[PDB]
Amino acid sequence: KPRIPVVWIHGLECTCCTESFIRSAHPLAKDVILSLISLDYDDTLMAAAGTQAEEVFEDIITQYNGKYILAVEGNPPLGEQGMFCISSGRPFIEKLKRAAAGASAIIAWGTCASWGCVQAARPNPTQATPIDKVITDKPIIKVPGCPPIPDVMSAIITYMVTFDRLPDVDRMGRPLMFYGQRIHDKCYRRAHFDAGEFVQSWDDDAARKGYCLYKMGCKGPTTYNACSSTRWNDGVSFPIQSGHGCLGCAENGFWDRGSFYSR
(Lines of atoms letter the chains of each structure in order from A and count residues from 1; the text may use other names and numbers.)
(Lines give C-alpha, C1' and ligand atoms only; values in the text may rest on other atoms or scores of the structure.)
Protein backbone atom coordinates (compact mmCIF):
# COMPACT_ATOMS: atom_id res chain seq x y z
CA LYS A 1 0.00 0.00 0.00
CA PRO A 2 1.57 3.38 -1.03
CA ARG A 3 3.65 5.40 1.46
CA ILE A 4 3.18 9.15 2.18
CA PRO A 5 5.36 11.23 -0.21
CA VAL A 6 8.01 13.37 1.44
CA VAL A 7 10.07 16.00 -0.37
CA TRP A 8 13.08 17.06 1.72
CA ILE A 9 14.82 20.30 0.68
CA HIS A 10 17.92 22.01 2.03
CA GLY A 11 18.59 25.77 2.33
CA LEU A 12 21.49 27.34 4.20
CA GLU A 13 22.32 24.58 6.68
CA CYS A 14 25.01 22.44 8.30
CA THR A 15 23.09 19.15 7.61
CA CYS A 16 22.83 18.43 11.38
CA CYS A 17 19.08 17.77 10.98
CA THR A 18 19.53 15.07 8.28
CA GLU A 19 22.28 13.58 10.41
CA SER A 20 20.05 13.54 13.49
CA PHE A 21 17.27 11.86 11.53
CA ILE A 22 19.46 8.95 10.38
CA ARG A 23 20.42 8.35 14.07
CA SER A 24 16.83 7.25 14.84
CA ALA A 25 16.88 4.11 16.99
CA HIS A 26 13.16 3.23 16.77
CA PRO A 27 11.97 3.12 14.12
CA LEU A 28 15.38 2.87 12.46
CA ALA A 29 15.83 5.48 9.72
CA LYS A 30 16.24 2.54 7.30
CA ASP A 31 12.74 1.35 8.20
CA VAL A 32 11.27 4.88 7.99
CA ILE A 33 12.58 5.16 4.43
CA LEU A 34 11.75 1.62 3.27
CA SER A 35 8.40 1.08 4.99
CA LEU A 36 6.82 4.21 6.54
CA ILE A 37 7.26 7.13 4.12
CA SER A 38 8.30 7.57 0.51
CA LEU A 39 11.36 9.85 0.67
CA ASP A 40 10.96 11.08 -2.89
CA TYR A 41 13.52 13.88 -3.04
CA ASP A 42 16.56 14.55 -0.86
CA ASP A 43 19.80 15.95 -2.29
CA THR A 44 21.95 14.51 0.53
CA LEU A 45 20.94 10.84 -0.08
CA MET A 46 19.55 10.50 -3.63
CA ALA A 47 21.26 8.56 -6.44
CA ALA A 48 20.40 11.08 -9.16
CA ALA A 49 22.21 14.43 -9.51
CA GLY A 50 21.87 17.57 -11.67
CA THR A 51 19.22 17.34 -14.40
CA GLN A 52 18.27 13.76 -13.31
CA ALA A 53 17.66 14.98 -9.75
CA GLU A 54 15.60 18.02 -10.86
CA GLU A 55 13.47 15.82 -13.14
CA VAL A 56 12.61 13.88 -9.93
CA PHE A 57 11.85 17.11 -8.03
CA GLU A 58 9.56 18.38 -10.80
CA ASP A 59 7.83 14.99 -11.40
CA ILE A 60 7.11 14.49 -7.68
CA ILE A 61 5.67 17.93 -6.95
CA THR A 62 3.54 17.66 -10.14
CA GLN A 63 2.34 14.01 -9.78
CA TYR A 64 1.67 14.40 -6.01
CA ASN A 65 0.67 18.08 -6.06
CA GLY A 66 -1.27 18.89 -2.89
CA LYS A 67 -0.48 15.35 -1.59
CA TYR A 68 3.15 15.44 -0.32
CA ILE A 69 4.77 16.59 2.92
CA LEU A 70 7.51 19.17 2.48
CA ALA A 71 10.36 18.78 4.98
CA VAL A 72 12.69 21.78 5.12
CA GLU A 73 16.19 21.71 6.52
CA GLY A 74 18.08 24.99 6.69
CA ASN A 75 16.61 28.31 5.61
CA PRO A 76 16.45 30.83 2.75
CA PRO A 77 18.79 33.86 2.63
CA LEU A 78 17.21 37.09 1.30
CA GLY A 79 20.57 38.83 0.78
CA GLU A 80 22.25 39.16 -2.64
CA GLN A 81 18.84 38.50 -4.28
CA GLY A 82 18.83 35.05 -2.64
CA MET A 83 22.11 33.92 -4.25
CA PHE A 84 23.75 33.22 -0.92
CA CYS A 85 22.08 29.83 -1.57
CA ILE A 86 21.97 28.71 -5.20
CA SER A 87 19.90 25.72 -6.31
CA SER A 88 20.05 24.71 -10.00
CA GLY A 89 21.36 28.21 -10.87
CA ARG A 90 18.50 30.04 -9.10
CA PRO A 91 17.88 31.37 -5.55
CA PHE A 92 16.91 28.61 -3.11
CA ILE A 93 13.95 30.74 -1.99
CA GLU A 94 12.32 30.08 -5.40
CA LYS A 95 12.67 26.32 -4.99
CA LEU A 96 11.25 26.66 -1.45
CA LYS A 97 8.20 28.61 -2.69
CA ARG A 98 7.54 26.11 -5.53
CA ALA A 99 7.91 23.12 -3.18
CA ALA A 100 5.73 24.79 -0.53
CA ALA A 101 2.91 25.56 -3.03
CA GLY A 102 2.23 21.86 -3.71
CA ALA A 103 2.66 20.63 -0.11
CA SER A 104 -0.24 19.50 2.14
CA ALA A 105 1.94 20.45 5.11
CA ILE A 106 5.46 21.55 5.95
CA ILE A 107 7.84 20.28 8.61
CA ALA A 108 10.41 22.88 9.60
CA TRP A 109 13.24 20.70 10.89
CA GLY A 110 15.56 22.27 13.40
CA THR A 111 16.27 25.75 14.71
CA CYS A 112 17.35 26.67 11.14
CA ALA A 113 13.97 26.14 9.45
CA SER A 114 12.02 27.12 12.58
CA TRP A 115 13.80 30.31 13.65
CA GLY A 116 17.06 31.00 11.78
CA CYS A 117 19.79 29.33 13.91
CA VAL A 118 23.49 30.15 13.61
CA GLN A 119 23.48 31.96 10.24
CA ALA A 120 20.75 34.30 11.55
CA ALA A 121 22.83 35.22 14.65
CA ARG A 122 24.07 38.83 14.72
CA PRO A 123 24.80 40.34 12.26
CA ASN A 124 22.97 37.89 9.96
CA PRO A 125 25.23 38.54 6.93
CA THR A 126 22.96 36.68 4.47
CA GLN A 127 19.56 37.79 5.86
CA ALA A 128 18.78 34.15 6.62
CA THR A 129 15.04 33.94 7.33
CA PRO A 130 12.88 31.16 8.92
CA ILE A 131 10.39 29.35 6.66
CA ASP A 132 7.24 30.83 8.24
CA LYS A 133 8.36 34.40 7.33
CA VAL A 134 8.45 33.29 3.63
CA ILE A 135 5.61 30.74 3.44
CA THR A 136 2.46 32.21 5.03
CA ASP A 137 -0.33 30.07 3.51
CA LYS A 138 0.54 26.53 4.70
CA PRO A 139 0.53 24.53 7.98
CA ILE A 140 4.09 24.59 9.42
CA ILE A 141 5.14 22.18 12.18
CA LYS A 142 8.24 23.59 13.90
CA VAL A 143 10.63 20.93 15.23
CA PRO A 144 13.38 23.05 16.75
CA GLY A 145 16.73 22.20 18.27
CA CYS A 146 20.23 22.20 16.78
CA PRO A 147 19.50 19.58 15.82
CA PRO A 148 16.28 18.08 17.24
CA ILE A 149 16.52 14.72 19.04
CA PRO A 150 16.70 11.76 16.53
CA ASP A 151 13.89 9.78 18.16
CA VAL A 152 11.70 12.92 18.35
CA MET A 153 12.08 13.44 14.62
CA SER A 154 11.11 9.83 13.90
CA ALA A 155 8.32 9.78 16.50
CA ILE A 156 6.71 12.86 14.87
CA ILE A 157 6.86 10.99 11.52
CA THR A 158 5.32 7.83 13.04
CA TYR A 159 2.58 9.94 14.58
CA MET A 160 1.69 11.38 11.17
CA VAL A 161 1.68 7.93 9.52
CA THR A 162 -0.12 6.02 12.31
CA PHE A 163 -2.80 8.62 13.16
CA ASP A 164 -3.09 10.30 9.72
CA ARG A 165 -2.87 13.80 11.20
CA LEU A 166 -0.40 16.47 12.15
CA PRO A 167 0.68 16.64 15.81
CA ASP A 168 -1.13 19.18 17.92
CA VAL A 169 1.07 22.25 18.48
CA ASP A 170 1.74 25.07 20.94
CA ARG A 171 1.25 28.74 19.98
CA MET A 172 4.65 28.67 18.18
CA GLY A 173 3.74 25.59 16.10
CA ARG A 174 5.94 23.12 18.07
CA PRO A 175 4.47 19.62 18.77
CA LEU A 176 3.05 19.63 22.32
CA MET A 177 4.10 16.01 22.79
CA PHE A 178 7.85 16.90 22.84
CA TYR A 179 7.98 20.71 23.36
CA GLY A 180 5.19 21.26 25.90
CA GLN A 181 7.57 21.29 28.91
CA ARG A 182 10.88 22.93 29.76
CA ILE A 183 14.22 21.16 30.00
CA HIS A 184 14.36 22.44 33.59
CA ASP A 185 10.92 21.00 34.46
CA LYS A 186 12.14 17.43 33.76
CA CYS A 187 15.85 17.76 34.66
CA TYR A 188 17.41 15.05 36.89
CA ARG A 189 19.67 17.76 38.44
CA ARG A 190 16.67 19.85 39.63
CA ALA A 191 17.12 18.57 43.23
CA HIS A 192 20.50 20.33 43.24
CA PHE A 193 19.10 23.59 41.77
CA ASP A 194 16.43 23.47 44.51
CA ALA A 195 19.13 22.96 47.23
CA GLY A 196 21.51 25.66 45.91
CA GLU A 197 24.02 22.94 44.99
CA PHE A 198 25.87 24.32 41.95
CA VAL A 199 28.94 23.73 39.84
CA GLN A 200 30.93 26.95 40.21
CA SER A 201 33.97 26.03 38.09
CA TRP A 202 34.68 23.18 35.66
CA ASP A 203 35.68 19.85 37.26
CA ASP A 204 35.14 21.11 40.84
CA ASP A 205 33.70 18.69 43.43
CA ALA A 206 30.13 19.76 42.56
CA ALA A 207 30.77 18.90 38.89
CA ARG A 208 32.07 15.45 39.90
CA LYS A 209 28.78 14.85 41.80
CA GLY A 210 26.48 16.01 38.98
CA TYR A 211 25.32 19.23 40.64
CA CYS A 212 23.23 21.84 38.83
CA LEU A 213 24.86 23.80 35.99
CA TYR A 214 22.78 27.02 36.51
CA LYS A 215 25.79 29.10 37.65
CA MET A 216 27.73 27.81 34.59
CA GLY A 217 25.11 29.34 32.25
CA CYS A 218 22.53 26.56 31.83
CA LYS A 219 19.53 27.84 29.81
CA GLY A 220 17.28 24.88 30.65
CA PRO A 221 14.90 27.17 32.65
CA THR A 222 13.83 28.99 29.44
CA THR A 223 14.17 26.13 26.93
CA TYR A 224 11.39 23.79 25.74
CA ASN A 225 12.50 20.39 24.42
CA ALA A 226 12.54 16.67 25.36
CA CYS A 227 16.27 16.34 26.12
CA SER A 228 15.92 15.83 29.89
CA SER A 229 13.20 13.14 29.45
CA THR A 230 13.50 11.35 26.10
CA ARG A 231 17.25 12.14 26.06
CA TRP A 232 19.67 11.72 23.13
CA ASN A 233 21.15 8.90 21.03
CA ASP A 234 18.87 6.07 22.18
CA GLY A 235 18.52 7.35 25.72
CA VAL A 236 22.32 7.57 26.30
CA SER A 237 22.78 11.20 27.42
CA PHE A 238 21.92 14.84 27.00
CA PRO A 239 23.98 18.06 27.29
CA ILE A 240 23.41 18.50 31.03
CA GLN A 241 24.09 14.86 31.92
CA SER A 242 27.52 15.13 30.26
CA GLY A 243 28.33 18.25 32.26
CA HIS A 244 27.53 21.21 29.94
CA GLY A 245 24.64 23.57 30.62
CA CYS A 246 21.83 23.73 28.07
CA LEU A 247 22.74 26.35 25.40
CA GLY A 248 18.99 26.95 24.78
CA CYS A 249 19.37 25.52 21.26
CA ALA A 250 15.62 24.79 20.71
CA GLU A 251 14.66 28.48 21.35
CA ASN A 252 14.28 31.33 18.87
CA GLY A 253 17.37 33.56 18.90
CA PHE A 254 19.33 31.46 21.42
CA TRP A 255 22.67 32.43 19.86
CA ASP A 256 22.15 36.10 20.73
CA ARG A 257 20.80 35.66 24.28
CA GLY A 258 24.29 36.39 25.67
CA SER A 259 27.22 34.14 26.52
CA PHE A 260 26.36 30.48 27.09
CA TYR A 261 28.25 30.85 30.41
CA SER A 262 26.32 33.92 31.69
CA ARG A 263 22.83 34.30 33.21
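The numbering used is simple: start at 1 and walk along the sequence shown.
K.L.:
Averaging CA B factors per stretch from the PDB record, which one is higher: 130 to 138 or 107 to 115?
P.N.:
130 to 138 has the higher mean C-alpha B-factor.
K.L.:
Of the two stretches 64 to 72 and 41 to 49, which shows the higher Cα B-factor on average in the entry?
P.N.:
Comparing 64 to 72 with 41 to 49, the higher average CA B-factor belongs to 64 to 72.
K.L.:
Among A101, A155, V143, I183, which carries the highest Cα B-factor?
P.N.:
So the option with the highest C-alpha B-factor is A101.
K.L.:
If you compare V236, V199, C227, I33, which has the highest Cα B-factor in the entry?
P.N.:
Highest C-alpha B-factor among the listed residues goes to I33.
K.L.:
By its CA B factor, does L213 count among the lowest, middle or highest third of the modelled residues in the chain?
P.N.:
Within its chain, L213 is a lowest-third residue by C-alpha B-factor, going by the deposited values.
K.L.:
Divide the modelled residues of the chain into thirds by Cα B-factor and specify which third, lowest, middle or highest, holds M172.
P.N.:
Top third by C-alpha B-factor.
K.L.:
Using the B-factors in the PDB entry, rank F92's C-alpha atom against the chain and give the third, lowest, middle or highest.
P.N.:
Its C-alpha B-factor, which the entry lists for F92, ranks in the middle third among residues of this chain.
K.L.:
Rank-wise, by C-alpha B-factor, drop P150 into the lowest, middle or highest third of its chain.
P.N.:
Its C-alpha B-factor, which the entry lists for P150, ranks in the lowest third among residues of this chain.
K.L.:
Would you mind checking where the Cα B-factor of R165 ranks among the modelled residues of its chain, as the lowest, middle or highest third?
P.N.:
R165: CA B-factor falls in the highest third of its chain.
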